[PDB]
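Data from protein-v8.pdb: PDB, C-alpha atoms
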```pdb
ATOM      1  CA  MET X   1      99.647  91.179  88.318  1.00  0.00           C
ATOM      2  CA  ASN X   2      96.323  89.327  88.505  1.00  0.00           C
ATOM      3  CA  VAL X   3      93.294  91.262  87.186  1.00  0.00           C
ATOM      4  CA  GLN X   4      91.956  92.059  90.667  1.00  0.00           C
ATOM      5  CA  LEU X   5      95.298  93.565  91.642  1.00  0.00           C
ATOM      6  CA  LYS X   6      95.501  95.472  88.357  1.00  0.00           C
ATOM      7  CA  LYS X   7      92.112  97.063  89.006  1.00  0.00           C
ATOM      8  CA  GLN X   8      93.406  98.102  92.430  1.00  0.00           C
ATOM      9  CA  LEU X   9      96.354  99.828  90.771  1.00  0.00           C
ATOM     10  CA  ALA X  10      94.048 101.627  88.324  1.00  0.00           C
ATOM     11  CA  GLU X  11      91.883 102.867  91.167  1.00  0.00           C
ATOM     12  CA  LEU X  12      95.097 103.831  92.907  1.00  0.00           C
ATOM     13  CA  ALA X  13      96.218 105.730  89.789  1.00  0.00           C
ATOM     14  CA  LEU X  14      92.873 107.498  89.564  1.00  0.00           C
ATOM     15  CA  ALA X  15      93.222 108.443  93.220  1.00  0.00           C
ATOM     16  CA  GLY X  16      96.719 109.670  92.423  1.00  0.00           C
ATOM     17  CA  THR X  17      95.636 112.112  89.720  1.00  0.00           C
ATOM     18  CA  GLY X  18      93.667 113.876  92.434  1.00  0.00           C
ATOM     19  CA  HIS X  19      96.726 114.162  94.682  1.00  0.00           C
ATOM     20  CA  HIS X  20      99.259 115.666  92.269  1.00  0.00           C
ATOM     21  CA  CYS X  21     100.717 112.213  91.470  1.00  0.00           C
ATOM     22  CA  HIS X  22     100.647 112.543  87.683  1.00  0.00           C
ATOM     23  CA  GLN X  23     103.984 110.816  87.120  1.00  0.00           C
ATOM     24  CA  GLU X  24     102.928 107.772  89.140  1.00  0.00           C
ATOM     25  CA  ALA X  25      99.504 107.664  87.485  1.00  0.00           C
ATOM     26  CA  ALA X  26     101.180 107.886  84.086  1.00  0.00           C
ATOM     27  CA  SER X  27     103.474 104.960  84.884  1.00  0.00           C
ATOM     28  CA  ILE X  28     100.453 102.912  85.886  1.00  0.00           C
ATOM     29  CA  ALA X  29      98.383 104.124  82.914  1.00  0.00           C
ATOM     30  CA  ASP X  30     100.984 103.121  80.323  1.00  0.00           C
ATOM     31  CA  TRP X  31     101.352  99.617  81.772  1.00  0.00           C
ATOM     32  CA  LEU X  32      97.613  99.019  81.878  1.00  0.00           C
ATOM     33  CA  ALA X  33      97.603 100.330  78.320  1.00  0.00           C
ATOM     34  CA  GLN X  34      99.419  97.109  77.445  1.00  0.00           C
ATOM     35  CA  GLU X  35      96.031  95.431  77.822  1.00  0.00           C
ATOM     36  CA  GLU X  36      93.010  95.794  75.522  1.00  0.00           C
ATOM     37  CA  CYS X  37      90.351  95.212  78.186  1.00  0.00           C
ATOM     38  CA  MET X  38      91.551  98.258  80.157  1.00  0.00           C
ATOM     39  CA  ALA X  39      91.203 100.810  77.312  1.00  0.00           C
ATOM     40  CA  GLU X  40      88.609 103.081  78.923  1.00  0.00           C
ATOM     41  CA  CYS X  41      90.269 102.603  82.296  1.00  0.00           C
ATOM     42  CA  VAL X  42      93.504 104.236  81.177  1.00  0.00           C
ATOM     43  CA  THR X  43      91.405 106.788  79.339  1.00  0.00           C
ATOM     44  CA  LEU X  44      89.783 108.117  82.492  1.00  0.00           C
ATOM     45  CA  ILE X  45      93.033 108.092  84.462  1.00  0.00           C
ATOM     46  CA  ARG X  46      94.711 110.124  81.727  1.00  0.00           C
ATOM     47  CA  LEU X  47      91.688 112.399  81.307  1.00  0.00           C
ATOM     48  CA  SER X  48      91.630 112.845  85.077  1.00  0.00           C
ATOM     49  CA  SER X  49      95.346 113.628  85.012  1.00  0.00           C
ATOM     50  CA  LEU X  50      94.865 116.076  82.130  1.00  0.00           C
ATOM     51  CA  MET X  51      92.139 117.924  84.024  1.00  0.00           C
ATOM     52  CA  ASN X  52      93.996 118.104  87.353  1.00  0.00           C
ATOM     53  CA  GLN X  53      97.407 119.146  86.043  1.00  0.00           C
TER      54      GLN X  53
ATOM     55  CA  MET J   1      85.912 112.532  93.360  1.00  0.00           C
ATOM     56  CA  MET J   2      87.495 110.437  96.089  1.00  0.00           C
ATOM     57  CA  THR J   3      87.512 106.641  95.827  1.00  0.00           C
ATOM     58  CA  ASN J   4      86.681 104.012  98.441  1.00  0.00           C
ATOM     59  CA  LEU J   5      90.339 102.976  98.232  1.00  0.00           C
ATOM     60  CA  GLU J   6      91.634 106.303  99.563  1.00  0.00           C
ATOM     61  CA  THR J   7      89.442 105.959 102.657  1.00  0.00           C
ATOM     62  CA  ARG J   8      90.629 102.405 103.316  1.00  0.00           C
ATOM     63  CA  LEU J   9      94.235 103.593 103.166  1.00  0.00           C
ATOM     64  CA  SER J  10      93.712 106.646 105.374  1.00  0.00           C
ATOM     65  CA  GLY J  11      93.602 104.643 108.599  1.00  0.00           C
ATOM     66  CA  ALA J  12      90.058 103.246 108.533  1.00  0.00           C
ATOM     67  CA  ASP J  13      91.257  99.767 107.476  1.00  0.00           C
ATOM     68  CA  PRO J  14      94.818  99.081 108.782  1.00  0.00           C
ATOM     69  CA  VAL J  15      94.683  95.388 107.880  1.00  0.00           C
ATOM     70  CA  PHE J  16      93.432  95.927 104.317  1.00  0.00           C
ATOM     71  CA  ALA J  17      96.147  98.553 103.811  1.00  0.00           C
ATOM     72  CA  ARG J  18      99.020  96.292 104.799  1.00  0.00           C
ATOM     73  CA  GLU J  19      97.669  93.351 102.799  1.00  0.00           C
ATOM     74  CA  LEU J  20      97.491  95.497  99.657  1.00  0.00           C
ATOM     75  CA  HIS J  21     100.941  96.912 100.273  1.00  0.00           C
ATOM     76  CA  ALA J  22     102.226  93.442 100.994  1.00  0.00           C
ATOM     77  CA  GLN J  23     101.068  91.962  97.700  1.00  0.00           C
ATOM     78  CA  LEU J  24     102.164  94.995  95.682  1.00  0.00           C
ATOM     79  CA  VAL J  25     105.710  94.346  96.928  1.00  0.00           C
ATOM     80  CA  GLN J  26     105.222  90.623  96.390  1.00  0.00           C
ATOM     81  CA  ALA J  27     104.351  91.332  92.764  1.00  0.00           C
ATOM     82  CA  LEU J  28     107.254  93.779  92.496  1.00  0.00           C
ATOM     83  CA  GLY J  29     109.626  91.045  93.573  1.00  0.00           C
ATOM     84  CA  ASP J  30     108.151  88.732  90.956  1.00  0.00           C
ATOM     85  CA  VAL J  31     108.751  91.056  87.999  1.00  0.00           C
ATOM     86  CA  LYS J  32     112.084  92.241  89.372  1.00  0.00           C
ATOM     87  CA  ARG J  33     113.607  88.777  89.456  1.00  0.00           C
ATOM     88  CA  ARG J  34     111.904  88.295  86.106  1.00  0.00           C
ATOM     89  CA  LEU J  35     114.008  91.172  84.773  1.00  0.00           C
ATOM     90  CA  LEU J  36     116.854  89.022  86.124  1.00  0.00           C
ATOM     91  CA  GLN J  42     113.311  93.608  74.226  1.00  0.00           C
ATOM     92  CA  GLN J  43     110.866  91.977  76.641  1.00  0.00           C
ATOM     93  CA  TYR J  44     112.585  93.869  79.428  1.00  0.00           C
ATOM     94  CA  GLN J  45     110.966  97.175  78.492  1.00  0.00           C
ATOM     95  CA  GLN J  46     107.588  95.478  79.004  1.00  0.00           C
ATOM     96  CA  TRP J  47     108.386  93.992  82.416  1.00  0.00           C
ATOM     97  CA  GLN J  48     110.332  97.105  83.383  1.00  0.00           C
ATOM     98  CA  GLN J  49     107.181  99.000  82.462  1.00  0.00           C
ATOM     99  CA  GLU J  50     105.279  96.735  84.856  1.00  0.00           C
ATOM    100  CA  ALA J  51     107.869  97.214  87.616  1.00  0.00           C
ATOM    101  CA  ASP J  52     107.429 100.971  87.258  1.00  0.00           C
ATOM    102  CA  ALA J  53     103.652 100.696  87.508  1.00  0.00           C
ATOM    103  CA  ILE J  54     103.811  98.635  90.704  1.00  0.00           C
ATOM    104  CA  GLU J  55     106.417 100.896  92.301  1.00  0.00           C
ATOM    105  CA  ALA J  56     104.295 103.870  91.217  1.00  0.00           C
ATOM    106  CA  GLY J  57     101.326 102.487  93.106  1.00  0.00           C
ATOM    107  CA  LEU J  58     103.537 102.122  96.181  1.00  0.00           C
ATOM    108  CA  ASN J  59     104.427 105.793  95.907  1.00  0.00           C
ATOM    109  CA  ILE J  60     100.784 106.886  95.818  1.00  0.00           C
ATOM    110  CA  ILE J  61      99.627 104.670  98.679  1.00  0.00           C
ATOM    111  CA  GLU J  62     102.147 106.545 100.805  1.00  0.00           C
ATOM    112  CA  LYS J  63     101.301 109.969  99.444  1.00  0.00           C
ATOM    113  CA  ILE J  64      97.627 109.395 100.282  1.00  0.00           C
ATOM    114  CA  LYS J  65      97.688 107.240 103.429  1.00  0.00           C
TER     115      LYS J  65
END
```

The structure in this file should be written as structure tokens.
Amino acid sequence: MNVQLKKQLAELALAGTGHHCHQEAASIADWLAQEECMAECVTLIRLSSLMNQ
Amino acid sequence: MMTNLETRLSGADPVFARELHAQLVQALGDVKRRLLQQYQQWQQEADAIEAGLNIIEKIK
């Protein structure tokens, strides 16, 4: 919801890619994608998910 | 590789963990009653929040 919480979800998603939680991370990634200021953020999550799959 | 978050959810910070979980559900309730077009957006947000709740459990 609020930016601070959103950043917590992104970190959570990043943590998820390293625990075989690619579906969850993807759900988070696509929602954050809705925002322009989180571009790179979703990038890493996805890149992290691509590398761990 | 590992974040500071993962270590705060693994038992080292019980209070932080339940505050984070608490607001994530709080938020979930907000968007869920919001969902009662623009639904796919909010529904997308509901998925993201629920997703985070799934990870916090898979890594606690």

Residues of chain X were defined as contacting chain J if any atom lay at most 10 Å from it, counting all atoms listed in the file; please report them as a CSV table (one decimal) with C-alpha atoms, keeping the file's coordinate frame.
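Dumped to result_1.csv:
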```csv
chain,number,residue,atom,x,y,z
X,1,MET,CA,99.6,91.2,88.3
X,2,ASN,CA,96.3,89.3,88.5
X,5,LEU,CA,95.3,93.6,91.6
X,6,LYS,CA,95.5,95.5,88.4
X,8,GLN,CA,93.4,98.1,92.4
X,9,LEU,CA,96.4,99.8,90.8
X,10,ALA,CA,94.0,101.6,88.3
X,11,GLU,CA,91.9,102.9,91.2
X,12,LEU,CA,95.1,103.8,92.9
X,13,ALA,CA,96.2,105.7,89.8
X,14,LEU,CA,92.9,107.5,89.6
X,15,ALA,CA,93.2,108.4,93.2
X,16,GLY,CA,96.7,109.7,92.4
X,17,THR,CA,95.6,112.1,89.7
X,18,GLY,CA,93.7,113.9,92.4
X,19,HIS,CA,96.7,114.2,94.7
X,20,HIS,CA,99.3,115.7,92.3
X,21,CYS,CA,100.7,112.2,91.5
X,22,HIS,CA,100.6,112.5,87.7
X,23,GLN,CA,104.0,110.8,87.1
X,24,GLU,CA,102.9,107.8,89.1
X,25,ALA,CA,99.5,107.7,87.5
X,26,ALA,CA,101.2,107.9,84.1
X,27,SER,CA,103.5,105.0,84.9
X,28,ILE,CA,100.5,102.9,85.9
X,29,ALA,CA,98.4,104.1,82.9
X,30,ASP,CA,101.0,103.1,80.3
X,31,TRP,CA,101.4,99.6,81.8
X,32,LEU,CA,97.6,99.0,81.9
X,34,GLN,CA,99.4,97.1,77.4
```

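In this structure, atom CA of residue X:3 sits 17.8 Å away from atom CA of residue X:44.
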
Six-sided padding of 6 Å per side, axis-aligned box over stretch 3-14 of chain X, centre and edges in Å, one decimal, as AutoDock Vina command-line options:
```
--center_x 94.1 --center_y 99.4 --center_z 90.0 --size_x 16.5 --size_y 28.2 --size_z 17.7
```

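Interatomic distance, atom CA of residue J:21 to atom CA of residue J:34: 19.9 Å.
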
Straight-line distance linking atom CA of residue X:53 with atom CA of residue J:12, stated in Å to one decimal: 28.5 Å
